[PDB]
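Letters are used for the chains, namely A, B, C, D, E and F, taken in the order the chains are written, and counting of residues starts over at 1 for each.
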Amino acid sequence: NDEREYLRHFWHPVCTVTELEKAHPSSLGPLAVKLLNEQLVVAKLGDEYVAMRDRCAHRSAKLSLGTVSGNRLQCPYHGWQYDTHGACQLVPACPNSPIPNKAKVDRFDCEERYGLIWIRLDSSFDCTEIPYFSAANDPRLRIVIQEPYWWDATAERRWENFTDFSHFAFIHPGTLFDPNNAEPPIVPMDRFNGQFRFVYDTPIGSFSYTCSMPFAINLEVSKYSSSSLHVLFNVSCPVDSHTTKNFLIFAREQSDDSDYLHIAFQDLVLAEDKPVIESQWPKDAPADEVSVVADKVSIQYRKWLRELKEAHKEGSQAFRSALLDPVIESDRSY
Amino acid sequence: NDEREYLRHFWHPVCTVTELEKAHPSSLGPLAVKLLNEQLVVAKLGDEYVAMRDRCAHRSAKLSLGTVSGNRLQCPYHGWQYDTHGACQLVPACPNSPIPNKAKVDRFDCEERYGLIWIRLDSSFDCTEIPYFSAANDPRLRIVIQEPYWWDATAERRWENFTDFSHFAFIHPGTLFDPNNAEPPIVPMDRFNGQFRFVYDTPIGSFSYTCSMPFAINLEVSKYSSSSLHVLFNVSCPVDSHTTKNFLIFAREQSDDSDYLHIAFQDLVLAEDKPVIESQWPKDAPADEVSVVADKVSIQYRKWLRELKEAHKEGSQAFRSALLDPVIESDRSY
Amino acid sequence: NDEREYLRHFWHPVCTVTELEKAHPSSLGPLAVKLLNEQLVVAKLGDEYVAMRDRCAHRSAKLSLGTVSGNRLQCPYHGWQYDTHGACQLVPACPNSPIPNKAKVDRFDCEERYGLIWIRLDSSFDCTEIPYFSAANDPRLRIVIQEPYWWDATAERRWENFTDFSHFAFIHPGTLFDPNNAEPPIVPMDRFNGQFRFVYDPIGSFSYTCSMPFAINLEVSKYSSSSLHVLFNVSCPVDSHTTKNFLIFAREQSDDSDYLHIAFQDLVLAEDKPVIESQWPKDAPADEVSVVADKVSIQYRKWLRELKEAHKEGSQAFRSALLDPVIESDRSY
Amino acid sequence: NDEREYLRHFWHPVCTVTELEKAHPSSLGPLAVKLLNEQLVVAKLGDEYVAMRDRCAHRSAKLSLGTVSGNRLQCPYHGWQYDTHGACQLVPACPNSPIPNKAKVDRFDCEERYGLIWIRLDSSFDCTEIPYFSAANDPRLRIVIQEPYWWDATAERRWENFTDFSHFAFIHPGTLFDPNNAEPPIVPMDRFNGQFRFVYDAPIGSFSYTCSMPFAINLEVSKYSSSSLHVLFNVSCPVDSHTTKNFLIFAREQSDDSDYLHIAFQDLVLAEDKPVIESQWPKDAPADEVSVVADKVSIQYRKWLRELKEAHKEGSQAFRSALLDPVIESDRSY
Amino acid sequence: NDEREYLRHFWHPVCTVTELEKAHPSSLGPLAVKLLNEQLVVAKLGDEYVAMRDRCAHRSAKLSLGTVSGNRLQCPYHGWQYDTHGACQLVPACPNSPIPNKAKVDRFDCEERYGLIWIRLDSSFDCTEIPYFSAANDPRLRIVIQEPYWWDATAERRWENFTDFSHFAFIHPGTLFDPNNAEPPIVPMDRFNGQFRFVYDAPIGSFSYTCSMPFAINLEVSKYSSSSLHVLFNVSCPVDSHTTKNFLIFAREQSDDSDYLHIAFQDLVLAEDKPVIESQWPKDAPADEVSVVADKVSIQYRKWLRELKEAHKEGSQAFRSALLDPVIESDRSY
Amino acid sequence: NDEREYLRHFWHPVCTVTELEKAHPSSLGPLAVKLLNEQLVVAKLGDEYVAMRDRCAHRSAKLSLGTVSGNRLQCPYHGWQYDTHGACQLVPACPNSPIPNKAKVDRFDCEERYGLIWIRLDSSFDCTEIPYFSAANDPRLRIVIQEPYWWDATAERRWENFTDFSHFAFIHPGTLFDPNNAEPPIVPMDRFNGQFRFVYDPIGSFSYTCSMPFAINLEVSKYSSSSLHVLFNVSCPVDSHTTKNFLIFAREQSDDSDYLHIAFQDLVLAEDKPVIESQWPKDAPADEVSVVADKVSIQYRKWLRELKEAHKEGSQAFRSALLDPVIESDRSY
């Protein structure tokens, strides 16, 4: 728990906009979500997406069992009404008495982007941004948001599974494995603007990764001589110590085919990964795991996470430098 | 059964395009559907949506358990390949022998329109068209296709439920009932181009019905002084003697709000109707039902159905006249 | 199909009063019930229990999905209101217009007795009565109405199971079998007032009063003691293969727990249930082979056959077949 | 936790007499019950209801799987028989040998009252009594004992829910809320004989509460100029740290109507409360909850419970005074 | 329908001996079984397996709920005891009275062979025998009786599935399909002694079929220059018009490996067939099915079944000739 | 937690050979098993049954989701291949590079005997053996391995249930209770070769050879007859509250059905199961009260305590506590 405090400083996705709209017939929420083992409630009050602790200040009922009425979230028990800042503005039992100063619940940064709702629990370092999705606002690409998928595995283990190629022959022999490539070689990895950037050439094409730390991956798959750009954007919500809620958004230039051709293929790949990733134990990678040279991406990821954790302990400027300082291995200029 | 043969001459919806694409990972089908108690299979072969009897000519296996490979539907048992016309073009066991002339399955009219797949089982009268949806190709309106809903009631009983107002105070008191209107009066009903056309004024607005016989309803709800056009398009697939698969498509001019605000409200209305309509017995309306003057729409609907049934027995020209001749009660010019 | 028509002339229980009051939060019903494959609705309108066909005259919705509103049963669909005679008295869409003459639904005899609701589908012969329960109005006895139990067996087969002793050694060896009696003898059987009456004994007594066709009143008494126990069992013939069965029991010594008796009765029923449900075909064919020990069921089947034949001959023949006395015993009635 | 030790000194209901009689075919029990996380067994041994620890002294089998034999409880495993004092009186394997001195199990004060079975786990302070039910032995009233209901909420939170009126508009708008009363004013509350007493009302009627501390509530509802007395008696069994088994007994003077009219209504009320009360978290009310002036009853209840917990730590005399000393703020003469 | 009458003249398997022994704790049965829509009961009475109608002559209870007592089957209801001939020999209620002449139930020819129980419902033609299993009494072979498997398909369609090779590439591509063989050529088929005999093969091995009409298949798979004989014996019980209970027995010369290697493989093969065969409709093959030259085995099978059905209508002598007359088209000397 | 460490020194059954062969279509495994709360994987590599920790050294995936490939167990994730000693011998991503020294997983003793797979987690004291089953290699007897049965009870409580006669009247009144014996007397108990040996009788004999700590070999013989019946029951201590129990039975007269015996044994187990599962806390506390009839369990508990204490003293103390003879009877060994 002590181990995870630095993660409160990043933006994490908690639901799709669709999930929020489907939660209650109002289409405005509320929706209960859980992030880093914190119980939160999300709602649309007026034009704004709001995130609060899911716990009424009065008698601790869950506001996620309440009702959105315009610009208020009403508690289901004694009807206290909370505004967009988390402050109670109506105590129905005492409508003329002054509202206690303590009648407020914690309110957190909450923004929509790419069709997902993002929450940042701690904004005090003021140096993190919502992860980068390269296909946003590209009018050449059709964008599809998949339904979220829940895994009994941590966000770190999910991230390392997504960026590893070594497992293709064994987990994805008929779906992703390329017998003409088999073992892609180690590549240079750059840190830039709080992202890992690395590229694999096929060259006939390229797999270009832009990974916004700590849990988001933007993968651009391109081919020359063809206009066949495909973008996969994967991000894991660290729900608690053993669970992730995962979001996949994909974009494609050739969009005359069915969205479900791609959804079904992506779901097959995920079904192949799922039982093996969920089997990994203990849930957090212990020091006794044995790496080999082909594990470069995982090794460098673990190293940067540990540096962020240590920098968080030293405070805001140390964290901003650990996250945002460039570290270039490649021949590229950014 | 004898009673339902005339319905084979109309276009009936059997699935959404989404359902077809989701059926199999290929995104091309096949999908088993049932229409007028006939077992059919739908697939996308090349650019074309095809509908065939779901029964291989060889040993009667279901083609809906097979596989679409480009422009062929392959039977799952001995791999006979059927083309878009229902004709077997490959017998894998006898690849050099001539294919028997009998190695063909019945192929039916099948067209996509409005995001649904429509089938017409008998095209011999050559005088029916896919029902009219007024919001198609209107760029002012956002269109949403709901997931189909299955009811243990007939298409006729569903149609009469959708066009009746008398039940609002009792089934829809908090959703659709207007205590300021309560009992809308009987209105003139026109037959034109195989549609029932009738309008109710509110006037502050109007509910304008265009009902393509026998089972489709297009309802335009408009208000003057506001750009608040709403269109509801409801059509029932007569699956068998006691079941319907129902499709709702809705369009709206003011589209800044959530689609799920409307979906949830429409689902609530449907949940209020469902148990009462499913309770009606026997499933087909018998002669002993007692009508009152407020039942005009239902009475006139039943009369036109009976005329179509009788005209079908007399043949193509009689049916075309029964369906397409105008019969005007209103002051309108069409 | 036609061979059960004569059963429509009798009163049959369809539910407990408790089931009716629990069906809807108003405690007035309506409750859907099924009797001889007829779909019926029961409701309490004012002081009257009413039973109608569960089908509105307008568009055939089930009235059992509707609401009781004072002296009316209101259809859930378009709100037609039916009075206690099954006649529509309000068409909300046309409140001024005359109500069509056809706007009526069939209404059936419906009466509460003993805490059960009874329906008689055909009252034309005017000669049947609600079965006799001997403990009613006896202040010495505590009466308990058990929850109904459903069996995949006909009412005739259930009746013959209840009145047979031959099966105790094989079905009830630890519960009802008496190793020192084993084979109770054939006893005389009387027909009186539409009831079979017979008695099995100088210490005790098992006294049966069976109101034809499906009700059994069993009085168990012990001489030199005041320990009267009454069992009243009656089967509702729901359809051709199903019964809904009611058991009411009364006892003089009532300082013990009701549940001592309920648990024992439920154990006995659970022993009978799989064997009776296995009997096939559901209705006893003419090829069943009887022995002398089967006197009760032989006589039962003979009287039922007489009632079926008399029903075809009409009202007076049926009244005679049902109510004429036929006395085998020494007892005076 | 050890914060609960003081509750062991009170009488708590564990089952209805009906539940005991139904548990076993003999109608004498045994029945397993749980109270303050203790596993107990109840049985009728002769003319007495007896409560013992549900654990045989021999090899720790549950006596609740055993049988009542005469006036003793017989273990299911090797047949040891325990008397009403928890002492073993027969060891079937060694019938003539002396029974070990330690062959005994703890027993607890156990009494029937009002059709419930009550247990007091710690009788050493000897100053608590079974709670007061005002309708007992009043022949004008028909009494109905409802079946117990289980909630995932503590007895303290259940008590505060039962005595609060503030929540009616939000949880019970169609069942209990009175639009013409809305917010009853704060009333004086008296402590007398281990009970909270307070009354709500020219006044037409009265809501008169007698609350036997800590978890029992007797509510008399009367109407002046009418003879329609209604009594609700509600008491929660604290089963463990997060669970209650709850008993409702209701009495009414006007009794020609159906018991199930009232049972259905009470069940609807409970179904409305249940999800909101179960959502309150953490399960025990923390110090950070925010009260308003309308919460007087809850505030005073928590204050008295705190006093009882502190007095328990100082011993029998302090506890007796904290419980039984009167504190009057109304003008009622007692 | 009455099209099935002729099948009553053959021996059909109804259960394994294992199933009979497991049915009841005594290991003697009774076991209820169903054959050609007849409800029967099987029991071990003394040294004999006996089949009776599952219906007591007294009050029609199922004897399969009863018990074997000595060498008799005792009804569960009033304890009548039936001997191996179906005759009642004890009426417990009337132990000294004469037993009614009609106190008897129909019994049927019933024999154990190969670890299965076989029943012949109509023995009046007396010209059929229990099917041939070639591995019985061959000490070189280890025999395994699989658990029966139930399919929603007729015995005729199951037989044609078992003997067809055409479907391997499509139903069994990873299990049975041989890319280097693909389409075995048509072979001569012999009728001899009520069996179809045909062999598939310088040739390395052999697939040798002996098919005891109508539903049993003995397949010997051998490899020349090796001692790896494998035998598959498959027989379908026609339970009713749309259901089969199927028995597979397999024998192998090479037997150091695990039985479950083979059981797992056979189960996978059956799981591949099952959905396709169950989809065939209507359940009985109609005249409109289209055969090709590769279907010789199925064509000849249907032709012989038609001859047996027609000969049955002409009587015992015609049936015996249709079944047992030889028709040789190979050059094998028998 | 620490009080069960000494159990790691014994051989425990973890599965039948049948369960291993059915786990994967290859019939070679792998199969996940749990023993003393350790997660293990069992597989057949060549002619050897192997048991490893179910956790790859690379990224901690479960090897039980992998595949046997000849003489290797292959991890499902990145395909590392482990030999019979638990050492990785192929890293497919780096086929030329040297394999890290840390690329090994723990490997445990694993042996087939009697149709069960046995694992010994700690072989350091080198003095324990797979329990004795007397019917093995006896051509006169037919041997049947039952399917394992899982109970929510510890292996010690299961052992004491199996060897107690006192409970027959109360748990097994219709199956095992003999009304003409009722209370079998205390008998002498011998410790020999790490087994408890004791005999109950001049017509018959119940002869127990109990290999410590959890295995029971029971020979039931009848003098002047050739009807030897052997029951071999052994409990796998899966975790702190669960056992996976194996029953093997052998009989001389084997012309009857295996299922006559299986059904009877299953009936006896179903009678014990709810009572044994109710015992709480799961491990017997020191406050349990014994009587003289409890001699078998008293002596059992004493020997287990001696083994636990000796384990703390080390290898020679444990060997002595386990294998030293302690003879109470007249018999010669």
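Operating definition for what follows: a residue touches a chain if its C-beta (ideal position, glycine included) is under 8 Å from a C-beta of that chain, and two chains touch if they have at least 3 such contacts.
Chemist: Keeping to the contact definition above, tell me which chains border both chain D and chain F.
Modeler: Of all the chains present, those in contact with both chain D and chain F are A.
Chemist: More contacting C-beta pairs: C-D or B-E?
Modeler: Pair with the higher count of C-beta contacts: B-E.
Chemist: Please flag the chain sitting at the greatest distance from chain F, going by CA centroids.
Modeler: Checked the centroid distances; the maximum from chain F is B.
Chemist: If you average the CA atoms of chain A and of chain F, how many Å lie between those two points?
Modeler: That pair's centroid distance is 48 Å.
Chemist: Roughly how far is chain C from chain F, centre to centre by C-alpha average, rounded to an integer in Å?
Modeler: 60
Chemist: What is the distance in Å between the mean C-alpha positions of chain E and chain F?
Modeler: 42
Chemist: With touch defined as at the top, which chains are paired up in contact here?
Modeler: Per the contact definition above, the touching pairs are A-B, A-D, A-F, B-C, B-E, C-D, C-E, D-F, E-F.
Chemist: Where on chain B does chain A make contact in their complex?
Modeler: Residues 18, 21-22, 25-28, 257-261, 264-265, 268 of chain B touch chain A in their complex.
Chemist: Could you please specify the touching residues of chain F with respect to chain D in the complex?
Modeler: Within the complex, chain F touches chain D at residues 160, 164, 166-167, 169-171, 183, 274-275, 278-281, 284-285, 287-293, 297.
Chemist: Within the complex, which stretch of chain F touches chain A?
Modeler: 39, 55, 57-62, 65, 74-79, 91-94, 97, 100, 102-103
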